[PDB]
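> I'd like to ask some things about the structure below.
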Amino acid sequence: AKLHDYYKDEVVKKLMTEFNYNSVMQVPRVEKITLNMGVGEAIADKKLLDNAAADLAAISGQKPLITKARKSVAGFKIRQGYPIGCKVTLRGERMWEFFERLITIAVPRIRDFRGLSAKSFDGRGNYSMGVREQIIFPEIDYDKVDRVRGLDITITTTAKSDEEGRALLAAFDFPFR
Amino acid sequence: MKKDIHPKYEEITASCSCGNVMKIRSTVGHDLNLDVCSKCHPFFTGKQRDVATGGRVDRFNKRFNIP
Amino acid sequence: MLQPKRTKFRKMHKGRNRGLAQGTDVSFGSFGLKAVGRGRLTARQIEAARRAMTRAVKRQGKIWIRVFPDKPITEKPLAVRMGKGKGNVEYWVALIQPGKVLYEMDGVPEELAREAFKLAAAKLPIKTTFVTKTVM
Amino acid sequence: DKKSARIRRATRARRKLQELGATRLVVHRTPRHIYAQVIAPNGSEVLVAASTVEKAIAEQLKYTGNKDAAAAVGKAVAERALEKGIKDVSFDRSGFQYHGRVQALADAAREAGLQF
Amino acid sequence: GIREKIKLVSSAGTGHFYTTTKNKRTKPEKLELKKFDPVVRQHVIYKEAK
RNA sequence: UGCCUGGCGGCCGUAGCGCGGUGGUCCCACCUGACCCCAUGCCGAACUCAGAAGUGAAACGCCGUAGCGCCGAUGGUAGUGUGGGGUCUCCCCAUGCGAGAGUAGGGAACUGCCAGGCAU
RNA sequence: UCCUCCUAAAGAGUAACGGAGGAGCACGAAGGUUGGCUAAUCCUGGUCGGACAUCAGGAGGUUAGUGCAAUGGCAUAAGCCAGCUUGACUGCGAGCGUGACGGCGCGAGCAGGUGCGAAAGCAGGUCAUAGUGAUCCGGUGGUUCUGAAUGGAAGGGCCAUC
RNA sequence: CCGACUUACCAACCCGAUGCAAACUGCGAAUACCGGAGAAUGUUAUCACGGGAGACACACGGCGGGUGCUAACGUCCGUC
Ligand SMILES: [Mg+2]
Ligand SMILES: [Mg+2]
Ligand SMILES: [Mg+2]
Ligand SMILES: [Mg+2]
Ligand SMILES: [Mg+2]
Ligand SMILES: [Mg+2]
Ligand SMILES: [Mg+2]
Ligand SMILES: [Mg+2]
Ligand SMILES: [Mg+2]
Ligand SMILES: [Mg+2]
Ligand SMILES: [Mg+2]
Ligand SMILES: [Zn+2]
């Protein structure tokens, strides 16, 4: 919670002063971070998915969820019930630890960096993004992983709109344009 | 957290080439020395880019020694 | 040739043509052709009337078809005996009750619309009449 | 949401008890308080009740919302039912699991004398 | 009609048995079930037979 | 006795949606923490436990308001049982029953038991 | 031969070489019970990834789902998931439905012995309706029955089965 | 590096106005049927058991339909 404490001492009041919120809990707070990574090639090789699951358990210290097909789609040759994806949800101290790790170490390590887009808020303030490459996390040992495998990071926030969503992210010195 | 099934998850340390060391808890397994951090980056108010940070750039120009 | 693009079933019972009509008012245009009698309008009958009626007004105004052939009619081939299943669908018809407005017209003078409906009603088996729009 | 899910959980036991025509001991649980009512088979009239929102029970309870609070209210509700003449009831957890205070209340009622 | 009639004989040795069906191409292992024995009036293990 | 709140019903849209406002004494909810009781195909989100710092934001309750949902006559029409007629693929007459849709309107529920808080 | 809908005229039933579709199974879990859970579709944002894979939010509210046709039903789910388990129990059976009959179906409750649940309780197969074949003749196991002078035995009977 | 517009093209979903249905129903009769009570009328007209049958080729007419051509002194059902 080394950034949870950082949140509650300045950021709450910072949004309070500049948005005229009536109560302090009206200042939004990030509730969970969902770590999604859909392999899409388990049909070709089941065995690449367990290795992929191990990769995501290294980057974030949690066992990932193996998602099911949930519906048969012939355009991709999938039948329902087949393992197709990997998922983790992080809340509380583990969530904050992953958040600070991402922003401080990993986000600078992005190749061909230009920062992050500020328009991917789905209209309701919840951020979602995709990293192009996976070696950027120091948890995984370079040269011991089979292939590069990106993933999607979505920040689900209590914020009801993107404007106050941007205030929360910016008060964390999130990389906006 | 389920304990038998879950990986070991303890405290580590990570130092930057600039001499800035960050205290954090992760699962790399052992301490590491990283090269670029959030503070030493041109996008995070990076007036002092990593050019002033040496490396294989120094070996070349100290090899060549031609201004 | 008016005809449903697809149907839930390809054959239907004969049924009965009883009762009065729904849609007895000029709802779209200003003038209308209203059925006085009852009977069946084949798609060929409806389409032949439409050709005469649209050609009468020199392709002016707007023409509305208010009826649709949705009832399929089967006919046994020549010189086949009774039974051996139901016949094959030959054509489609709409059932017509007294008072139903069959065609509507707009954008043309009343004296021209009256003449156009005369030529059109010459193609229909059922007695018709000329009606105009009214405020209810 | 939360309350709607709990009602859907409780409904099957509630309707089954109504069909059996059994006196039903309904337990309610909130983070600060726990409630218990003995309900007549017709379902509209209550017979005895005991809760931690009560002047008599609160002074003894150090902190309402505890298992000891559940034991106190269970003994209290059980003695009131016993002295009125009600001896056989059917438990209605009201969509809660029979693990903590619901189990604690039921366990408290057992020693004092209810049959369920 | 792939499923075939099989006999489940009590392990109590009384000769009573039940009949049922089993698919033998899959699940080729024996079927075992604690079932009631009307002769000894008890529940005993019944084993696959026939 | 009046108001507020919680629980269990009656009842099953006149009762449900939407829009706006309003409540934290108690209550309710959010909420604090979690080796633990207990739990997550992972995750204290839910479930559970230990608590009461903050807050009524959401939710929930209450108040107001017809943009809907809903209820809805009278009259007429359709149909139809019995008997009798015609120009008999369909109608009509005597008599009995009499819709559906629509219209004028109504309408922001009413109510029972217990428990608590405030007031008298 | 059997099941579903319409014809079939608002109880049941109702014909045609009338209009349309299915069955001759499957499952020791896909059954019992306890606990838990709730879709289709669309919009917005998101690595490969696009109309359409996994993810977050929203709308929407069953427009999904049911092992297999159709109708009726299903949220207290009868739909989805997990733990434990064999009640897919044995002898009966008030009463009732449906058939000319053969027969078919439903069933509380009683007895014995069980499973799940803390308990009230639930369980005599599956959301229901197709998945089927009389009698004779034999085969197999058991049996407190019979046994052509008697004691056996063969054969027969009864029960369970092919 | 993510962009911002535009035109007389196509245009799904949605809205408003229209109809149609044996295998459509958010509505819905008249009758018919089942049951309870009451009077009057009816040679028990009702049920059960037993002795004896015949009959199981129907026809037309009305009303409600399928089939046929709302053709047939056609054909197949319901009801009188
Ligand atoms: Mg009227
Ligand atoms: Mg009306
Ligand atoms: Mg009306
Ligand atoms: Mg009928
Ligand atoms: Mg009838
Ligand atoms: Mg099933
Ligand atoms: Mg002898
Ligand atoms: Mg004969
Ligand atoms: Mg005959
Ligand atoms: Mg006849
Ligand atoms: Mg004849
Ligand atoms: Zn640095």
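Chains: A, B, ... in order of the structure tokens. Residues: from 1 per chain. Ligands: from 1, in order shown.
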Return as a PDB file with N, CA and C atoms (P, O5', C5', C4', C3', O3' and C1' of nucleotides), in the first residue's frame the residues of protein, DNA or RNA that approach ligand 6 to within 8 Å, with only C-alpha atoms (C1' of nucleotides) and all ligand atoms taken into account.


```pdb
ATOM      1  P     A G  30     -22.430 -34.783 -15.117  1.00  0.00           P
ATOM      2  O5'   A G  30     -23.757 -34.499 -15.952  1.00  0.00           O
ATOM      3  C5'   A G  30     -24.827 -33.735 -15.404  1.00  0.00           C
ATOM      4  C4'   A G  30     -26.170 -34.272 -15.836  1.00  0.00           C
ATOM      5  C3'   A G  30     -26.550 -35.619 -15.227  1.00  0.00           C
ATOM      6  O3'   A G  30     -27.967 -35.715 -15.090  1.00  0.00           O
ATOM      7  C1'   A G  30     -26.412 -35.830 -17.570  1.00  0.00           C
ATOM      8  P     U G  66     -29.118 -25.995 -24.534  1.00  0.00           P
ATOM      9  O5'   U G  66     -30.013 -26.904 -23.580  1.00  0.00           O
ATOM     10  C5'   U G  66     -29.630 -27.134 -22.229  1.00  0.00           C
ATOM     11  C4'   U G  66     -30.752 -27.720 -21.408  1.00  0.00           C
ATOM     12  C3'   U G  66     -31.342 -29.038 -21.913  1.00  0.00           C
ATOM     13  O3'   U G  66     -31.515 -29.944 -20.823  1.00  0.00           O
ATOM     14  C1'   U G  66     -33.066 -27.423 -21.644  1.00  0.00           C
ATOM     15  P     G G  67     -30.558 -31.229 -20.663  1.00  0.00           P
ATOM     16  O5'   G G  67     -30.062 -31.535 -22.146  1.00  0.00           O
ATOM     17  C5'   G G  67     -28.743 -31.225 -22.576  1.00  0.00           C
ATOM     18  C4'   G G  67     -28.362 -32.061 -23.771  1.00  0.00           C
ATOM     19  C3'   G G  67     -29.476 -32.258 -24.790  1.00  0.00           C
ATOM     20  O3'   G G  67     -29.539 -31.203 -25.732  1.00  0.00           O
ATOM     21  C1'   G G  67     -28.523 -34.354 -24.238  1.00  0.00           C
ATOM     22  P     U G 126     -37.816 -38.586 -12.916  1.00  0.00           P
ATOM     23  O5'   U G 126     -36.652 -37.731 -13.583  1.00  0.00           O
ATOM     24  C5'   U G 126     -35.735 -37.015 -12.767  1.00  0.00           C
ATOM     25  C4'   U G 126     -34.465 -36.672 -13.503  1.00  0.00           C
ATOM     26  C3'   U G 126     -34.616 -35.722 -14.689  1.00  0.00           C
ATOM     27  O3'   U G 126     -33.455 -34.897 -14.767  1.00  0.00           O
ATOM     28  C1'   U G 126     -33.690 -37.750 -15.436  1.00  0.00           C
ATOM     29  P     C G 127     -33.595 -33.300 -14.819  1.00  0.00           P
ATOM     30  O5'   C G 127     -34.935 -33.081 -15.643  1.00  0.00           O
ATOM     31  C5'   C G 127     -35.341 -31.789 -16.056  1.00  0.00           C
ATOM     32  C4'   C G 127     -36.816 -31.581 -15.850  1.00  0.00           C
ATOM     33  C3'   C G 127     -37.720 -32.509 -16.643  1.00  0.00           C
ATOM     34  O3'   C G 127     -37.902 -33.765 -16.013  1.00  0.00           O
ATOM     35  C1'   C G 127     -38.435 -30.286 -16.944  1.00  0.00           C
TER      36        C G 127
END
```

> Please run DSSP on the backbone and report, as a PyMOL selection string, all residues within chain D that come out as strand (DSSP E or B).

chain D and resi 24-29+34-39+46-51+88+90-92+115

> Show which residues sit within 12 Å of stretch 11-13 of chain H, as a PDB file with N, CA, C and O atoms (P, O5', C5', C4', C3', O3' and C1' of nucleotides), in the first residue's frame. Count only C-alpha atoms (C1' of nucleotides), and ignore same-chain residues fewer than 6 positions away.


```pdb
ATOM      1  P     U G  41     -25.008 -13.830 -28.159  1.00  0.00           P
ATOM      2  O5'   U G  41     -25.500 -12.422 -28.716  1.00  0.00           O
ATOM      3  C5'   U G  41     -26.417 -12.350 -29.799  1.00  0.00           C
ATOM      4  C4'   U G  41     -27.160 -11.039 -29.815  1.00  0.00           C
ATOM      5  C3'   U G  41     -26.308  -9.784 -29.862  1.00  0.00           C
ATOM      6  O3'   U G  41     -25.804  -9.497 -31.153  1.00  0.00           O
ATOM      7  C1'   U G  41     -27.994  -9.515 -28.241  1.00  0.00           C
ATOM      8  P     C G  42     -24.315  -8.917 -31.324  1.00  0.00           P
ATOM      9  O5'   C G  42     -24.484  -7.350 -31.104  1.00  0.00           O
ATOM     10  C5'   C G  42     -25.432  -6.604 -31.850  1.00  0.00           C
ATOM     11  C4'   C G  42     -25.776  -5.311 -31.152  1.00  0.00           C
ATOM     12  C3'   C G  42     -24.601  -4.416 -30.800  1.00  0.00           C
ATOM     13  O3'   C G  42     -24.133  -3.663 -31.905  1.00  0.00           O
ATOM     14  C1'   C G  42     -26.013  -4.614 -28.925  1.00  0.00           C
ATOM     15  P     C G  43     -22.579  -3.277 -32.012  1.00  0.00           P
ATOM     16  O5'   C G  43     -22.421  -2.024 -31.043  1.00  0.00           O
ATOM     17  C5'   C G  43     -23.238  -0.875 -31.211  1.00  0.00           C
ATOM     18  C4'   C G  43     -23.100   0.087 -30.058  1.00  0.00           C
ATOM     19  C3'   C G  43     -21.676   0.458 -29.680  1.00  0.00           C
ATOM     20  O3'   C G  43     -21.124   1.456 -30.521  1.00  0.00           O
ATOM     21  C1'   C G  43     -22.887  -0.088 -27.728  1.00  0.00           C
TER      22        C G  43
END
```

> Please determine the contact residues of chain C with respect to chain F at a cut-off of 12 Å, counting only C-alpha atoms (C1' of nucleotides), and supply them as an MDAnalysis selection string.

chainID C and resid 14:22 37:40 97:98

> Could the residues in this selection be written to a file with C-alpha atoms, as a compact mmCIF listing (two decimals), in the first residue's frame?


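This went into part.txt:
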```txt
# COMPACT_ATOMS: atom_id res chain seq x y z
CA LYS C 14 -59.08 -22.57 -47.53
CA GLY C 15 -60.65 -20.58 -44.70
CA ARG C 16 -63.69 -18.32 -44.91
CA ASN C 17 -64.10 -14.72 -46.09
CA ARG C 18 -66.44 -13.39 -43.42
CA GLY C 19 -66.88 -10.10 -41.61
CA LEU C 20 -66.28 -6.49 -42.54
CA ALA C 21 -62.93 -4.90 -43.28
CA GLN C 22 -60.19 -3.17 -41.32
CA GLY C 37 -67.89 -6.38 -52.34
CA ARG C 38 -65.93 -9.31 -50.99
CA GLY C 39 -63.71 -11.82 -52.74
CA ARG C 40 -60.14 -12.65 -53.68
CA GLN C 97 -63.95 -7.65 -47.16
CA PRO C 98 -66.50 -4.91 -47.93
```

> List all protein, DNA and RNA residues that have an atom no more than 10 Å from any atom of ligand 11, counting only C-alpha atoms (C1' of nucleotides) and all ligand atoms, and report them as a list in words.

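If we count only C-alpha atoms (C1' of nucleotides) and all ligand atoms, the neighbours of ligand 11 turn out to be residues 58, 59, 60, 72, 73, 74 and 75 of chain H.
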
> May I have the residues from that selection written out with N, CA, C and O atoms (P, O5', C5', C4', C3', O3' and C1' of nucleotides), as a PDB file, in the first residue's frame?


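Saved to out_19.pdb:
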```pdb
ATOM      1  P     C H  58     -70.260 -47.034 -44.023  1.00  0.00           P
ATOM      2  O5'   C H  58     -71.386 -46.263 -43.206  1.00  0.00           O
ATOM      3  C5'   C H  58     -71.891 -45.017 -43.659  1.00  0.00           C
ATOM      4  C4'   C H  58     -73.138 -45.180 -44.489  1.00  0.00           C
ATOM      5  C3'   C H  58     -73.724 -43.900 -45.054  1.00  0.00           C
ATOM      6  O3'   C H  58     -73.056 -43.485 -46.233  1.00  0.00           O
ATOM      7  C1'   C H  58     -75.445 -45.208 -44.086  1.00  0.00           C
ATOM      8  P     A H  59     -72.905 -41.928 -46.584  1.00  0.00           P
ATOM      9  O5'   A H  59     -74.364 -41.492 -47.035  1.00  0.00           O
ATOM     10  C5'   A H  59     -74.892 -41.914 -48.283  1.00  0.00           C
ATOM     11  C4'   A H  59     -76.284 -41.385 -48.491  1.00  0.00           C
ATOM     12  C3'   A H  59     -76.471 -39.893 -48.286  1.00  0.00           C
ATOM     13  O3'   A H  59     -76.087 -39.133 -49.415  1.00  0.00           O
ATOM     14  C1'   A H  59     -78.149 -41.053 -47.114  1.00  0.00           C
ATOM     15  P     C H  60     -75.196 -37.812 -49.242  1.00  0.00           P
ATOM     16  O5'   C H  60     -76.246 -36.620 -49.270  1.00  0.00           O
ATOM     17  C5'   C H  60     -77.259 -36.560 -50.260  1.00  0.00           C
ATOM     18  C4'   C H  60     -78.527 -35.970 -49.696  1.00  0.00           C
ATOM     19  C3'   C H  60     -78.411 -34.601 -49.049  1.00  0.00           C
ATOM     20  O3'   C H  60     -78.426 -33.532 -49.978  1.00  0.00           O
ATOM     21  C1'   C H  60     -79.613 -36.038 -47.622  1.00  0.00           C
ATOM     22  P     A H  72     -70.641 -27.826 -54.896  1.00  0.00           P
ATOM     23  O5'   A H  72     -71.066 -29.198 -55.573  1.00  0.00           O
ATOM     24  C5'   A H  72     -71.883 -29.233 -56.735  1.00  0.00           C
ATOM     25  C4'   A H  72     -71.916 -30.623 -57.313  1.00  0.00           C
ATOM     26  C3'   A H  72     -71.955 -31.750 -56.288  1.00  0.00           C
ATOM     27  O3'   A H  72     -73.270 -32.072 -55.857  1.00  0.00           O
ATOM     28  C1'   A H  72     -70.211 -32.150 -57.830  1.00  0.00           C
ATOM     29  P     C H  73     -74.132 -31.030 -54.990  1.00  0.00           P
ATOM     30  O5'   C H  73     -75.071 -31.939 -54.087  1.00  0.00           O
ATOM     31  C5'   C H  73     -76.094 -32.739 -54.666  1.00  0.00           C
ATOM     32  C4'   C H  73     -75.946 -34.196 -54.310  1.00  0.00           C
ATOM     33  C3'   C H  73     -74.735 -34.892 -54.924  1.00  0.00           C
ATOM     34  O3'   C H  73     -74.228 -35.876 -54.019  1.00  0.00           O
ATOM     35  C1'   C H  73     -76.722 -35.946 -55.665  1.00  0.00           C
ATOM     36  P     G H  74     -72.975 -35.527 -53.077  1.00  0.00           P
ATOM     37  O5'   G H  74     -71.752 -35.385 -54.082  1.00  0.00           O
ATOM     38  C5'   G H  74     -71.420 -36.422 -54.990  1.00  0.00           C
ATOM     39  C4'   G H  74     -69.931 -36.645 -55.027  1.00  0.00           C
ATOM     40  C3'   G H  74     -69.281 -37.118 -53.738  1.00  0.00           C
ATOM     41  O3'   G H  74     -69.425 -38.511 -53.536  1.00  0.00           O
ATOM     42  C1'   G H  74     -67.992 -35.384 -54.714  1.00  0.00           C
ATOM     43  P     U H  75     -69.585 -39.121 -52.061  1.00  0.00           P
ATOM     44  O5'   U H  75     -68.180 -38.883 -51.358  1.00  0.00           O
ATOM     45  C5'   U H  75     -66.989 -39.452 -51.871  1.00  0.00           C
ATOM     46  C4'   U H  75     -65.774 -38.917 -51.157  1.00  0.00           C
ATOM     47  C3'   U H  75     -65.839 -38.915 -49.641  1.00  0.00           C
ATOM     48  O3'   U H  75     -65.554 -40.177 -49.070  1.00  0.00           O
ATOM     49  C1'   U H  75     -65.025 -36.832 -50.402  1.00  0.00           C
TER      50        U H  75
END
```

> Residues up to 9 Å from ligand 3, counting only C-alpha atoms (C1' of nucleotides) and all ligand atoms: could you list those as a PyMOL selection string?

chain F and resi 72-73+100-103

> Any chance you can output those residues with N, CA, C and O atoms (P, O5', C5', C4', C3', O3' and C1' of nucleotides) as a PDB file, in the first residue's frame?


```
ATOM      1  P     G F  72     -59.190  -2.591 -16.112  1.00  0.00           P
ATOM      2  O5'   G F  72     -59.754  -1.153 -16.492  1.00  0.00           O
ATOM      3  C5'   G F  72     -60.649  -0.467 -15.631  1.00  0.00           C
ATOM      4  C4'   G F  72     -61.174   0.785 -16.284  1.00  0.00           C
ATOM      5  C3'   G F  72     -61.776   0.604 -17.664  1.00  0.00           C
ATOM      6  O3'   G F  72     -63.106   0.126 -17.638  1.00  0.00           O
ATOM      7  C1'   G F  72     -60.314   2.450 -17.691  1.00  0.00           C
ATOM      8  P     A F  73     -63.612  -0.883 -18.778  1.00  0.00           P
ATOM      9  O5'   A F  73     -64.397   0.064 -19.784  1.00  0.00           O
ATOM     10  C5'   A F  73     -65.799   0.240 -19.691  1.00  0.00           C
ATOM     11  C4'   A F  73     -66.160   1.204 -18.590  1.00  0.00           C
ATOM     12  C3'   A F  73     -67.521   1.864 -18.722  1.00  0.00           C
ATOM     13  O3'   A F  73     -68.561   1.038 -18.231  1.00  0.00           O
ATOM     14  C1'   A F  73     -65.889   3.507 -18.249  1.00  0.00           C
ATOM     15  P     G F 100     -63.291  -6.213 -23.570  1.00  0.00           P
ATOM     16  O5'   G F 100     -62.320  -6.213 -24.829  1.00  0.00           O
ATOM     17  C5'   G F 100     -61.464  -7.314 -25.089  1.00  0.00           C
ATOM     18  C4'   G F 100     -60.766  -7.167 -26.416  1.00  0.00           C
ATOM     19  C3'   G F 100     -60.111  -5.819 -26.674  1.00  0.00           C
ATOM     20  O3'   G F 100     -58.836  -5.703 -26.075  1.00  0.00           O
ATOM     21  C1'   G F 100     -61.409  -6.419 -28.541  1.00  0.00           C
ATOM     22  P     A F 101     -58.398  -4.327 -25.376  1.00  0.00           P
ATOM     23  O5'   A F 101     -58.193  -3.314 -26.587  1.00  0.00           O
ATOM     24  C5'   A F 101     -57.219  -3.559 -27.591  1.00  0.00           C
ATOM     25  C4'   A F 101     -57.469  -2.713 -28.813  1.00  0.00           C
ATOM     26  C3'   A F 101     -57.545  -1.211 -28.586  1.00  0.00           C
ATOM     27  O3'   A F 101     -56.273  -0.586 -28.542  1.00  0.00           O
ATOM     28  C1'   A F 101     -59.399  -1.895 -29.863  1.00  0.00           C
ATOM     29  P     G F 102     -55.954   0.541 -27.443  1.00  0.00           P
ATOM     30  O5'   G F 102     -56.895   1.755 -27.860  1.00  0.00           O
ATOM     31  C5'   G F 102     -56.760   2.394 -29.120  1.00  0.00           C
ATOM     32  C4'   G F 102     -57.962   3.254 -29.410  1.00  0.00           C
ATOM     33  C3'   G F 102     -58.275   4.335 -28.392  1.00  0.00           C
ATOM     34  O3'   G F 102     -57.466   5.490 -28.556  1.00  0.00           O
ATOM     35  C1'   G F 102     -60.244   3.137 -28.885  1.00  0.00           C
ATOM     36  P     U F 103     -57.038   6.381 -27.291  1.00  0.00           P
ATOM     37  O5'   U F 103     -58.368   7.163 -26.893  1.00  0.00           O
ATOM     38  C5'   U F 103     -59.033   7.976 -27.849  1.00  0.00           C
ATOM     39  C4'   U F 103     -60.395   8.422 -27.379  1.00  0.00           C
ATOM     40  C3'   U F 103     -60.448   9.130 -26.037  1.00  0.00           C
ATOM     41  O3'   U F 103     -60.035  10.482 -26.106  1.00  0.00           O
ATOM     42  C1'   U F 103     -62.201   7.555 -26.173  1.00  0.00           C
TER      43        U F 103
END
```

> Between atom CA of residue D:17 and atom CA of residue D:102, what distance in Å does the model show, to one decimal?

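Atom-to-atom, atom CA of residue D:17 to atom CA of residue D:102, that is 17.4 Å.
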
> Could you report the residues within 12 Å of ligand 9, using only C-alpha atoms (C1' of nucleotides) and all ligand atoms, as a PyMOL selection string?

(chain G and resi 15) or (chain H and resi 55-58)

> Keeping only C-alpha atoms (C1' of nucleotides), write those residues as a PDB file, in the first residue's frame.


```
ATOM      1  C1'   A G  15     -61.576 -38.454 -40.066  1.00  0.00           C
TER       2        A G  15
ATOM      3  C1'   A H  55     -75.779 -53.746 -35.890  1.00  0.00           C
ATOM      4  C1'   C H  56     -70.414 -52.155 -37.110  1.00  0.00           C
ATOM      5  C1'   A H  57     -72.226 -50.410 -46.304  1.00  0.00           C
ATOM      6  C1'   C H  58     -75.445 -45.208 -44.086  1.00  0.00           C
TER       7        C H  58
END
```

> Considering only C-alpha atoms (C1' of nucleotides), return as a PDB file with C-alpha atoms (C1' of nucleotides), in the first residue's frame whatever protein or nucleic-acid residues lie within 9 Å of stretch 36-46 of chain E, sequence-local ones (same chain, fewer than 2 positions apart) excluded.


```pdb
ATOM      1  CA  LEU E   8     -25.071 -56.318 -10.490  1.00  0.00           C
ATOM      2  CA  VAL E   9     -24.594 -59.118  -7.954  1.00  0.00           C
ATOM      3  CA  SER E  10     -24.520 -58.491  -4.209  1.00  0.00           C
ATOM      4  CA  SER E  11     -21.261 -59.097  -2.357  1.00  0.00           C
ATOM      5  CA  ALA E  12     -23.233 -60.563   0.570  1.00  0.00           C
ATOM      6  CA  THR E  14     -27.224 -64.221  -1.143  1.00  0.00           C
ATOM      7  CA  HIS E  16     -29.862 -61.461  -5.258  1.00  0.00           C
ATOM      8  CA  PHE E  17     -29.068 -59.097  -8.110  1.00  0.00           C
ATOM      9  CA  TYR E  18     -30.164 -55.959  -9.933  1.00  0.00           C
ATOM     10  CA  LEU E  31     -19.463 -50.431 -11.619  1.00  0.00           C
ATOM     11  CA  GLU E  32     -19.812 -50.530  -7.827  1.00  0.00           C
ATOM     12  CA  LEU E  33     -22.745 -49.176  -5.823  1.00  0.00           C
ATOM     13  CA  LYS E  34     -24.012 -49.594  -2.267  1.00  0.00           C
ATOM     14  CA  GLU E  48     -20.466 -56.040 -11.843  1.00  0.00           C
TER      15      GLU E  48
ATOM     16  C1'   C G  89     -33.877 -48.441  -2.548  1.00  0.00           C
ATOM     17  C1'   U G  90     -37.000 -53.434  -1.058  1.00  0.00           C
ATOM     18  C1'   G G  91     -42.439 -55.047   0.419  1.00  0.00           C
ATOM     19  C1'   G G 112     -37.492 -51.903   6.564  1.00  0.00           C
ATOM     20  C1'   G G 113     -32.778 -50.212   5.427  1.00  0.00           C
ATOM     21  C1'   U G 114     -30.094 -45.740   3.349  1.00  0.00           C
TER      22        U G 114
END
```

> So, counting only C-alpha atoms (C1' of nucleotides), which residue among G:2, G:75, G:10, G:53 is closest to residue A:42?

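Residue with the minimum atom-to-atom distance to residue A:42: G:53.
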
> Can I get the residues close to ligand 5 as a list in words, where close means within 10 Å and we count only C-alpha atoms (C1' of nucleotides) and all ligand atoms?

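Final answer, ordered by chain and number: residues 8, 9, 10, 11, 12 and 13 of chain G; 31, 32, 33 and 78 of chain H.
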
> Residues within 10 Å of ligand 1 (only C-alpha atoms (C1' of nucleotides) and all ligand atoms), as a ChimeraX atom specification?

/F:73-77,98-99

> Calculate how many Å separate atom CA of residue A:43 from atom CA of residue A:76, rounding to one decimal.

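Atom CA of residue A:76 lies 9.7 Å from atom CA of residue A:43.
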
> Between C:72, C:85, C:77, C:107, which has the minimum distance to residue C:9 (counting only C-alpha atoms)?

C:72

> Within 9 Å of residue C:116, counting only C-alpha atoms (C1' of nucleotides), which residues show up once you throw out same-chain ones fewer than 4 positions away? Write them as JSON, numbers by chain, please.

{"C": [52, 53, 54, 55, 56, 57, 111, 112, 120, 121]}

> Can you write just those residues out, C-alpha atoms, as a compact mmCIF listing (two decimals), in the first residue's frame?


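Generated file (again.txt):
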```
# COMPACT_ATOMS: atom_id res chain seq x y z
CA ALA C 52 -53.26 0.89 -65.50
CA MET C 53 -53.65 3.19 -62.49
CA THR C 54 -50.04 4.42 -62.45
CA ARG C 55 -50.00 4.84 -66.24
CA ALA C 56 -53.30 6.75 -66.20
CA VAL C 57 -51.80 9.61 -64.15
CA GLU C 111 -60.84 14.71 -61.61
CA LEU C 112 -57.72 12.90 -62.85
CA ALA C 120 -57.98 0.49 -62.46
CA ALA C 121 -61.33 -0.84 -61.22
```

> List the spatial neighbours of stretch 130-135 of chain A as a PyMOL selection string - criterion: any atom at most 6 Å away, only C-alpha atoms (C1' of nucleotides), same-chain residues fewer than 5 positions off excluded.

(chain A and resi 148-153) or (chain G and resi 47)

> Pick out the residues sitting within 12 Å of stretch 39-50 of chain D, and hand them over as number ranges by chain; count only C-alpha atoms (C1' of nucleotides), and ignore anything fewer than 3 positions along from it in its own chain.

D: 14-28, 33-36, 53-58, 69-86, 88-92, 105, 109; F: 7-10, 112-116

> Would you kindly report the residues of chain C within 12 Å of chain H, using only C-alpha atoms (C1' of nucleotides), as a ChimeraX atom specification?

/C:4,7-18,21-29,39-40,64-78,80-87,93-96,100-102,104

> When distances are computed from only C-alpha atoms (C1' of nucleotides), which of A:165, A:115, A:138, A:175 shows the smallest separation from chain H?

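When distances to chain H are compared using only C-alpha atoms (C1' of nucleotides), the smallest one comes from A:115.
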